[PDB]
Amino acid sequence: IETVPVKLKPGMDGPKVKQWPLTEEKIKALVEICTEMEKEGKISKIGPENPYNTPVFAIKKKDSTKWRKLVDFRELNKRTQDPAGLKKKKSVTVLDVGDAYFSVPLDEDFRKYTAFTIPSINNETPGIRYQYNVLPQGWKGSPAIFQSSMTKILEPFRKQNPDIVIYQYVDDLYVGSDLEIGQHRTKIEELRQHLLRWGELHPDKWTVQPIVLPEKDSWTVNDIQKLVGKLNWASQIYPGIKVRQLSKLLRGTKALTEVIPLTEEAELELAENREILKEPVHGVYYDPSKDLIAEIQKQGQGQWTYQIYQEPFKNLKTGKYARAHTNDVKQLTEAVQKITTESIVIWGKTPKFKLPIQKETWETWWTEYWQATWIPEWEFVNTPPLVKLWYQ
């Protein structure tokens, strides 16, 4: 085999991202995996004269005593030059075809940008640095360069099983069928066998979370005040929402716990608004040259709400994620893995997340709960407590 040249986008350096502290577990696993990869020629030791760096860690998959190395290539990916039926299937299995990539060499003059560093416990030693000689798992370029080789492999299986949808996303193969679960699994095993000789999701059970208005036999000034603020916000998403009649009940300067009987108008306006919320959002077109943005709100009691959009108030999807000794960060981490999965399946792209958590909290613990082979972009926000009421 001979390599494919690869460039960065013009006016861009390679990544220079500092390695973060790893646990003893993860370091032991990384050192194991790396020495073997260095035997098999997939990575080489390098020096400090290579100025590039990219974080590494490792995840303990399932219960299995098998670790998976995971390189955070988000930066490098940002800097690397540049299947509708799948969401319908009864079952989707996700396969990890990452190691296939190690069979293709990698443009020599590019290898230096794939540098990473293994830390030691208590800084017994300086870091050990490696760079890749082959297509690295997690890199944007790896499925690209390997596509033609991936197609050649799959093409016969696709022929023999035309009802089956196979989608690839970096290290991942999504395999969808309408088979009952036993024959599905048997087919997956069949596709695995086919893959060997070269070298559980349920999409149409994905519900959306509608905005919904409370029902009450008596309304206080407070109740109505909450209602009108909520409607007034929602009207930014559903311009047919109307608040005029209801608001007119709050003329005067009244006690919060004073009871207000609703007029005929106000009941009608409330009835309309109830219906308008049913009617699906209009005029939202997925734009693949724009970021997918995800917001998550903590609702409490293991309840999480999310929306995916690209323009403010123009939601592509809105959802809920539900689950004593609950672990918020775990839950959040699991929520963003779930949302990312949906987002890949529906649009083949990974959303930028707005996380309702302090940076240090998140960065302290999220690798403890991560099970995906990809990592989405994210940023940290201070949720104005208004919006957590809006998706109540």
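Throughout, we count residues from 1 along the sequence that is shown.
Colleague: Residues with no coordinates between residue 217 and residue 218 in the deposited sequence, how many: none, 1 to 3, 4 to 9, or 10 or more?
Modeller: In the deposited sequence, nothing is left without coordinates between these two.
Colleague: Does the entry skip any residues of the deposited sequence between residue 199 and residue 200, and if so, is it 1 to 3, 4 to 9, or 10 or more, or none at all?
Modeller: Count of unmodelled residues in between: 10 or more.
Colleague: If you average the CA temperature factors over each stretch, which comes out higher, 97-105 or 128-136?
Modeller: According to the entry, 97-105 carries the higher average C-alpha B-factor.
Colleague: Per the record, averaged over C-alpha atoms, which has the higher B-factor: 182-190 or 310-318?
Modeller: Higher mean C-alpha B-factor: 182-190.
Colleague: Among 234, 195, 175, 260, single out the one with the highest C-alpha B factor in the record, please.
Modeller: Each of 234, 195, 175, 260 was compared by C-alpha B-factor; the highest is 195.
Colleague: Of 168, 207, 114, 299, which one's C-alpha B factor is largest in the deposited record?
Modeller: Spelled out: the listed residue with the top C-alpha B-factor is 207.
Colleague: What third of its chain's C-alpha B-factors does residue 333 belong to: lowest, middle or highest?
Modeller: Lowest third, going by the recorded CA B-factors of the chain.
Colleague: Which third of the chain does residue 304 land in by C-alpha B-factor: lowest, middle or highest?
Modeller: Ranked within chain, residue 304 CA B lands in the middle tercile.
Colleague: Is the Cα B-factor recorded for residue 287 in the lowest, middle or highest third of its chain?
Modeller: It belongs to the middle third of the chain when residues are ordered by C-alpha B-factor.
Colleague: Can you tell me whether residue 222 has a C-alpha B-factor in the lowest, middle or highest third compared with the other modelled residues of the same chain?
Modeller: As the PDB entry reports it, the C-alpha B-factor of residue 222 lands in the lowest third of its chain.
Colleague: Can you tell me whether residue 62 has a C-alpha B-factor in the lowest, middle or highest third compared with the other modelled residues of the same chain?
Modeller: According to the entry, residue 62 has a C-alpha B-factor in the chain's highest third.
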